[PDB]
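To keep things clear, I will list the structure first and then write my remarks on it.
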Amino acid sequence: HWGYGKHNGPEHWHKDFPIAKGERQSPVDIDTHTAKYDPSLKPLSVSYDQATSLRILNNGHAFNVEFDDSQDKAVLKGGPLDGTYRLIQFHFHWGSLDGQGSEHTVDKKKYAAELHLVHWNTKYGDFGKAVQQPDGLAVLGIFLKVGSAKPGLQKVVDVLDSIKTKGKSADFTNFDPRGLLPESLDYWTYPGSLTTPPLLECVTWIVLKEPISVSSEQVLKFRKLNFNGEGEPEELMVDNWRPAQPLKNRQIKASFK
Ligand SMILES: Cc1ccc(=S)n(O)c1
Ligand SMILES: [Zn+2]
């Protein structure tokens, strides 16, 4: 099945998921010179004061921090979005080296990692029905650069020892995703897809311009996770990013001058 190695990596995905070569795949390179300011964009509203985290899971491709999405508790709206999208989980993509790791790139620049806060459109009732719709998801993407530690990341980094291998999960309550946000909510937005199989084309991407800084020690701990299950040969969970895909007939809009 799919993964990020030589024989099952991104160049192979299209055989099981032909949408891999579809018309609105993600990620893409954001050419900042070509991304037009759109003064009709509303400010983004990120309302995470009532977020209820539940659990963290190593799913063999990344780790997901999961939220109770059974009530309107942590929602994204405004910006490019019509209506209300509810937070369901966040995860990251990262590199074996600080010079790569992000999925989106900015004028071909790769960041060390990229955080994806995944939300589903509440008009669709739940996640599973939302991913059958072309406007079912909104993913807020945030770049990570290596420098100063991100204090708000440390509770995630500290729990990783307990979910080293595929299939492991751990209780992960009372985690506040507000601590992962940069100061500015200036963003680029375009229509795309999940960046992992099934690669569904349901996503309004909202990618923040301002990265957060994490320490070298924080990212090194991400790289000690494993793609394999317990009792299998160790394969470090690194380079779980898909490269940039063709922009095709899409425009990237900027929320800022
Ligand atoms: C389930 C899910 C949703 C969004 C993304 S970017 N990934 O990678 C996975
Ligand atoms: Zn992702």
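Ordered as shown in the structure tokens, chains take letters A, B, and onward, while each chain numbers its residues from 1 and ligands are numbered from 1 in the order shown.
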Please identify every polymer residue within 10 Å of ligand 2, using only C-alpha atoms and all ligand atoms, and present the set as a compact mmCIF listing (two decimals) with N, CA, C and O atoms, in the first residue's frame.
# COMPACT_ATOMS: atom_id res chain seq x y z
N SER A 26 -2.89 18.91 -4.85
CA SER A 26 -2.07 19.61 -3.87
C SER A 26 -0.92 18.73 -3.46
O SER A 26 -1.03 17.49 -3.49
N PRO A 27 0.15 19.35 -2.97
CA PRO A 27 0.38 20.80 -2.86
C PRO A 27 0.79 21.42 -4.15
O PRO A 27 0.87 20.68 -5.16
N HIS A 61 1.63 7.04 8.66
CA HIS A 61 2.09 8.05 7.64
C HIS A 61 2.43 9.37 8.28
O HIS A 61 3.24 10.13 7.75
N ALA A 62 1.78 9.67 9.39
CA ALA A 62 2.01 10.90 10.18
C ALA A 62 1.40 10.62 11.55
O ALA A 62 1.03 9.48 11.84
N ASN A 64 -1.86 12.12 13.94
CA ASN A 64 -2.99 13.02 13.97
C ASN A 64 -3.34 13.36 15.39
O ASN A 64 -3.50 12.44 16.20
N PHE A 90 -5.47 17.76 13.41
CA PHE A 90 -4.32 18.35 12.74
C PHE A 90 -3.18 17.35 12.69
O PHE A 90 -3.11 16.40 13.43
N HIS A 91 -2.26 17.62 11.77
CA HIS A 91 -1.09 16.76 11.54
C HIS A 91 -0.03 17.58 10.87
O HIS A 91 -0.27 18.71 10.48
N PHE A 92 1.13 16.97 10.74
CA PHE A 92 2.20 17.66 10.07
C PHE A 92 2.79 16.76 8.98
O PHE A 92 2.62 15.56 8.99
N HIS A 93 3.53 17.41 8.10
CA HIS A 93 4.41 16.77 7.17
C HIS A 93 5.81 17.33 7.39
O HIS A 93 5.96 18.56 7.57
N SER A 102 8.26 20.70 3.95
CA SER A 102 6.93 21.24 3.65
C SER A 102 6.44 20.68 2.29
O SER A 102 7.21 20.18 1.46
N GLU A 103 5.11 20.73 2.13
CA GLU A 103 4.37 20.29 0.89
C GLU A 103 4.20 21.51 0.02
O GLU A 103 4.77 21.51 -1.11
N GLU A 114 5.29 21.32 7.72
CA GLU A 114 4.06 22.08 7.45
C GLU A 114 2.97 21.43 8.25
O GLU A 114 2.85 20.21 8.28
N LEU A 115 2.29 22.28 8.98
CA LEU A 115 1.17 21.89 9.80
C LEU A 115 -0.14 22.05 8.98
O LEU A 115 -0.37 23.09 8.38
N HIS A 116 -1.03 21.06 9.07
CA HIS A 116 -2.34 21.08 8.40
C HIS A 116 -3.38 20.90 9.46
O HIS A 116 -3.50 19.83 10.10
N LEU A 117 -4.19 21.97 9.63
CA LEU A 117 -5.40 21.93 10.52
C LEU A 117 -6.56 21.67 9.61
O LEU A 117 -6.88 22.52 8.74
N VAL A 118 -7.16 20.48 9.80
CA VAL A 118 -8.20 20.03 8.81
C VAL A 118 -9.60 20.29 9.38
O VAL A 118 -9.88 19.91 10.52
N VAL A 139 -8.40 23.43 4.71
CA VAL A 139 -7.21 23.07 5.45
C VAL A 139 -6.41 24.34 5.64
O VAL A 139 -6.14 25.03 4.68
N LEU A 140 -6.11 24.65 6.90
CA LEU A 140 -5.26 25.80 7.23
C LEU A 140 -3.86 25.23 7.33
O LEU A 140 -3.58 24.37 8.18
N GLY A 141 -2.98 25.70 6.44
CA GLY A 141 -1.59 25.26 6.33
C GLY A 141 -0.65 26.29 6.91
O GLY A 141 -0.80 27.46 6.63
N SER A 193 -6.60 19.71 -2.99
CA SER A 193 -6.90 18.32 -2.62
C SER A 193 -6.21 17.91 -1.31
O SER A 193 -5.30 18.63 -0.82
N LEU A 194 -6.60 16.72 -0.80
CA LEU A 194 -5.79 16.12 0.24
C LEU A 194 -4.41 15.90 -0.37
O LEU A 194 -4.28 15.52 -1.59
N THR A 195 -3.35 15.94 0.40
CA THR A 195 -2.02 15.70 -0.21
C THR A 195 -1.60 14.22 0.05
O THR A 195 -0.49 13.83 -0.31
N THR A 196 -2.45 13.42 0.68
CA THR A 196 -2.19 11.97 0.83
C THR A 196 -3.33 11.22 0.18
O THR A 196 -4.49 11.70 0.15
N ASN A 240 7.65 12.64 4.84
CA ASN A 240 6.27 12.28 4.53
C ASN A 240 5.55 13.47 3.84
O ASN A 240 4.42 13.82 4.23
N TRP A 241 6.21 14.04 2.83
CA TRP A 241 5.63 15.14 2.07
C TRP A 241 5.50 14.74 0.63
O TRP A 241 6.34 14.01 0.13
N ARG A 242 4.39 15.19 0.02
CA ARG A 242 4.25 15.12 -1.45
C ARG A 242 4.80 16.37 -2.11
O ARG A 242 4.63 17.46 -1.58
What's the 9 Å shell around segment 149-162 of chain A, counting only C-alpha atoms, without same-chain residues fewer than 6 positions away, as a compact mmCIF listing (two decimals) with N, CA and C atoms, in the first residue's frame?
# COMPACT_ATOMS: atom_id res chain seq x y z
N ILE A 56 -4.16 11.33 20.30
CA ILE A 56 -3.12 11.45 19.26
C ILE A 56 -2.84 10.08 18.73
N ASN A 58 -0.58 7.62 15.75
CA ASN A 58 0.40 7.38 14.68
C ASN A 58 -0.29 6.46 13.63
N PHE A 63 1.31 11.63 12.41
CA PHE A 63 0.46 11.53 13.61
C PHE A 63 -0.66 12.55 13.52
N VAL A 65 -3.53 14.63 15.67
CA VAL A 65 -4.11 15.06 16.95
C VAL A 65 -5.61 15.24 16.59
N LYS A 168 -0.26 2.97 17.15
CA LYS A 168 -0.30 3.41 18.54
C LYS A 168 -1.07 4.71 18.72
N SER A 169 -1.89 4.81 19.74
CA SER A 169 -2.51 6.07 20.11
C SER A 169 -2.37 6.39 21.59
N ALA A 170 -2.61 7.63 21.97
CA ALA A 170 -2.52 8.01 23.36
C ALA A 170 -3.60 9.08 23.63
N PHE A 172 -5.06 12.46 24.55
CA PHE A 172 -4.36 13.73 24.32
C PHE A 172 -5.36 14.84 24.51
N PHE A 175 -5.45 19.96 24.75
CA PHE A 175 -4.38 20.61 23.96
C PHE A 175 -4.96 21.77 23.23
N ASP A 176 -4.31 22.94 23.27
CA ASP A 176 -4.85 24.18 22.73
C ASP A 176 -4.17 24.52 21.43
N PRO A 177 -4.86 24.29 20.29
CA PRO A 177 -4.16 24.50 19.00
C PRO A 177 -3.85 25.98 18.74
N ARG A 178 -4.35 26.88 19.57
CA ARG A 178 -4.05 28.32 19.38
C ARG A 178 -2.54 28.55 19.56
N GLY A 179 -1.90 27.66 20.33
CA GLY A 179 -0.49 27.83 20.58
C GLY A 179 0.40 27.47 19.39
N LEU A 180 -0.19 26.99 18.29
CA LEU A 180 0.56 26.65 17.06
C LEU A 180 0.42 27.75 16.02
N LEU A 181 -0.30 28.85 16.30
CA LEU A 181 -0.57 29.86 15.26
C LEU A 181 0.44 30.98 15.28
N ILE A 212 5.73 29.58 11.62
CA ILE A 212 6.12 29.53 13.03
C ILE A 212 7.51 28.97 13.11
N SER A 213 8.22 29.32 14.18
CA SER A 213 9.60 28.80 14.41
C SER A 213 9.43 27.66 15.43
N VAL A 214 10.11 26.54 15.14
CA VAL A 214 10.20 25.44 16.09
C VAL A 214 11.71 25.20 16.30
N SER A 215 12.11 24.58 17.39
CA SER A 215 13.52 24.32 17.56
C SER A 215 13.98 23.09 16.81
N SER A 216 15.28 23.04 16.57
CA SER A 216 15.90 21.87 16.01
C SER A 216 15.54 20.64 16.86
N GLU A 217 15.53 20.77 18.23
CA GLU A 217 15.24 19.61 19.09
C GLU A 217 13.75 19.13 18.89
N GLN A 218 12.83 20.08 18.68
CA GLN A 218 11.42 19.73 18.50
C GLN A 218 11.26 18.93 17.19
N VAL A 219 11.80 19.44 16.09
CA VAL A 219 11.70 18.65 14.84
C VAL A 219 12.47 17.31 14.86
N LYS A 221 12.66 15.36 17.31
CA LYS A 221 11.77 14.40 17.94
C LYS A 221 10.68 13.87 16.95
N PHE A 222 10.19 14.70 16.03
CA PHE A 222 9.28 14.18 15.00
C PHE A 222 9.95 13.10 14.20
N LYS A 224 12.01 10.87 15.06
CA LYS A 224 12.24 9.59 15.75
C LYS A 224 11.02 8.69 15.67
N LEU A 225 9.90 9.22 15.14
CA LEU A 225 8.73 8.36 14.94
C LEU A 225 9.03 7.34 13.86
Worksheet entry | Per-residue DSSP, segment 58-219 of chain A, filtered to strand (DSSP E), as a PyMOL selection string | chain A and resi 58+63-67+75-78+85-94+105-106+113-121+137-146+169-171+187-192+203-208+212-214
How would the residues just picked look written out with C-alpha atoms as a PDB file, in the first residue's frame?
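again.pdb, written as the output of this step:
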ATOM      1  CA  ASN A  58       0.404   7.376  14.680  1.00  0.00           C
ATOM      2  CA  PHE A  63       0.463  11.528  13.607  1.00  0.00           C
ATOM      3  CA  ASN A  64      -2.987  13.018  13.968  1.00  0.00           C
ATOM      4  CA  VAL A  65      -4.107  15.059  16.948  1.00  0.00           C
ATOM      5  CA  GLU A  66      -7.898  14.420  16.917  1.00  0.00           C
ATOM      6  CA  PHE A  67     -10.698  16.687  18.164  1.00  0.00           C
ATOM      7  CA  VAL A  75     -14.330  26.558  13.716  1.00  0.00           C
ATOM      8  CA  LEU A  76     -12.852  28.295  10.785  1.00  0.00           C
ATOM      9  CA  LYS A  77     -14.875  30.738   8.734  1.00  0.00           C
ATOM     10  CA  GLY A  78     -14.492  33.995   6.741  1.00  0.00           C
ATOM     11  CA  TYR A  85     -15.897  24.575   8.898  1.00  0.00           C
ATOM     12  CA  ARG A  86     -15.275  22.499  12.003  1.00  0.00           C
ATOM     13  CA  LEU A  87     -11.807  21.323  13.211  1.00  0.00           C
ATOM     14  CA  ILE A  88     -11.439  17.546  13.162  1.00  0.00           C
ATOM     15  CA  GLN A  89      -7.684  16.918  13.379  1.00  0.00           C
ATOM     16  CA  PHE A  90      -4.323  18.353  12.738  1.00  0.00           C
ATOM     17  CA  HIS A  91      -1.088  16.763  11.540  1.00  0.00           C
ATOM     18  CA  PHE A  92       2.203  17.662  10.075  1.00  0.00           C
ATOM     19  CA  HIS A  93       4.406  16.772   7.170  1.00  0.00           C
ATOM     20  CA  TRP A  94       8.219  16.984   7.672  1.00  0.00           C
ATOM     21  CA  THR A 105       6.543  25.783  -1.299  1.00  0.00           C
ATOM     22  CA  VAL A 106       6.878  29.618  -1.563  1.00  0.00           C
ATOM     23  CA  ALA A 113       7.682  21.105   8.006  1.00  0.00           C
ATOM     24  CA  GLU A 114       4.064  22.083   7.446  1.00  0.00           C
ATOM     25  CA  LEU A 115       1.170  21.886   9.799  1.00  0.00           C
ATOM     26  CA  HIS A 116      -2.340  21.079   8.402  1.00  0.00           C
ATOM     27  CA  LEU A 117      -5.397  21.926  10.523  1.00  0.00           C
ATOM     28  CA  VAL A 118      -8.201  20.030   8.812  1.00  0.00           C
ATOM     29  CA  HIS A 119     -11.815  21.278   8.963  1.00  0.00           C
ATOM     30  CA  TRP A 120     -15.027  20.026   7.363  1.00  0.00           C
ATOM     31  CA  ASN A 121     -17.951  22.105   6.073  1.00  0.00           C
ATOM     32  CA  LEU A 137     -12.867  20.699   3.522  1.00  0.00           C
ATOM     33  CA  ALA A 138     -10.791  23.686   4.505  1.00  0.00           C
ATOM     34  CA  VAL A 139      -7.207  23.071   5.453  1.00  0.00           C
ATOM     35  CA  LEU A 140      -5.258  25.805   7.229  1.00  0.00           C
ATOM     36  CA  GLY A 141      -1.591  25.261   6.329  1.00  0.00           C
ATOM     37  CA  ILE A 142       1.197  26.721   8.459  1.00  0.00           C
ATOM     38  CA  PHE A 143       4.901  26.482   7.662  1.00  0.00           C
ATOM     39  CA  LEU A 144       7.519  25.548  10.211  1.00  0.00           C
ATOM     40  CA  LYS A 145      11.062  26.877  10.186  1.00  0.00           C
ATOM     41  CA  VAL A 146      13.827  25.825  12.514  1.00  0.00           C
ATOM     42  CA  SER A 169      -2.509   6.067  20.107  1.00  0.00           C
ATOM     43  CA  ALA A 170      -2.517   8.014  23.358  1.00  0.00           C
ATOM     44  CA  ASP A 171      -5.013  10.159  25.271  1.00  0.00           C
ATOM     45  CA  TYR A 187      -2.769  33.946   3.734  1.00  0.00           C
ATOM     46  CA  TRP A 188      -2.811  32.581   0.165  1.00  0.00           C
ATOM     47  CA  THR A 189      -5.794  30.529  -0.942  1.00  0.00           C
ATOM     48  CA  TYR A 190      -6.516  28.170  -3.818  1.00  0.00           C
ATOM     49  CA  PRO A 191      -8.683  25.079  -4.507  1.00  0.00           C
ATOM     50  CA  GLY A 192      -6.921  21.732  -4.141  1.00  0.00           C
ATOM     51  CA  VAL A 203     -10.040  21.292  -0.103  1.00  0.00           C
ATOM     52  CA  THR A 204     -10.033  25.064   0.072  1.00  0.00           C
ATOM     53  CA  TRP A 205      -6.472  25.573   1.019  1.00  0.00           C
ATOM     54  CA  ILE A 206      -5.649  28.569   3.239  1.00  0.00           C
ATOM     55  CA  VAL A 207      -1.834  28.788   3.637  1.00  0.00           C
ATOM     56  CA  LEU A 208      -0.522  31.338   6.105  1.00  0.00           C
ATOM     57  CA  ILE A 212       6.117  29.534  13.029  1.00  0.00           C
ATOM     58  CA  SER A 213       9.600  28.801  14.411  1.00  0.00           C
ATOM     59  CA  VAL A 214      10.196  25.440  16.090  1.00  0.00           C
TER      60      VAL A 214
END
Worksheet entry | Counting only C-alpha atoms, the option among A:252, A:220, A:237, A:199 closest to residue 14 of chain A |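 With only C-alpha atoms as the atom set, the closest residue is A:199.
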Residues near residue 23 of chain A, cut-off 9 Å, only C-alpha atoms, skip fewer than 5 positions along chain, as a JSON list (two decimals) with C-alpha atoms, in the first residue's frame:
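Dumped everything to selection-v5.json:
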[["chain", "number", "residue", "atom", "x", "y", "z"],
["A", 192, "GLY", "CA", -6.92, 21.73, -4.14],
["A", 201, "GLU", "CA", -10.33, 17.18, -4.44],
["A", 246, "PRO", "CA", 1.03, 21.18, -11.52],
["A", 247, "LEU", "CA", -1.08, 24.30, -10.96],
["A", 248, "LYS", "CA", -3.15, 23.65, -14.12],
["A", 249, "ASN", "CA", -6.03, 26.05, -14.54],
["A", 250, "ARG", "CA", -5.89, 27.54, -11.04]]
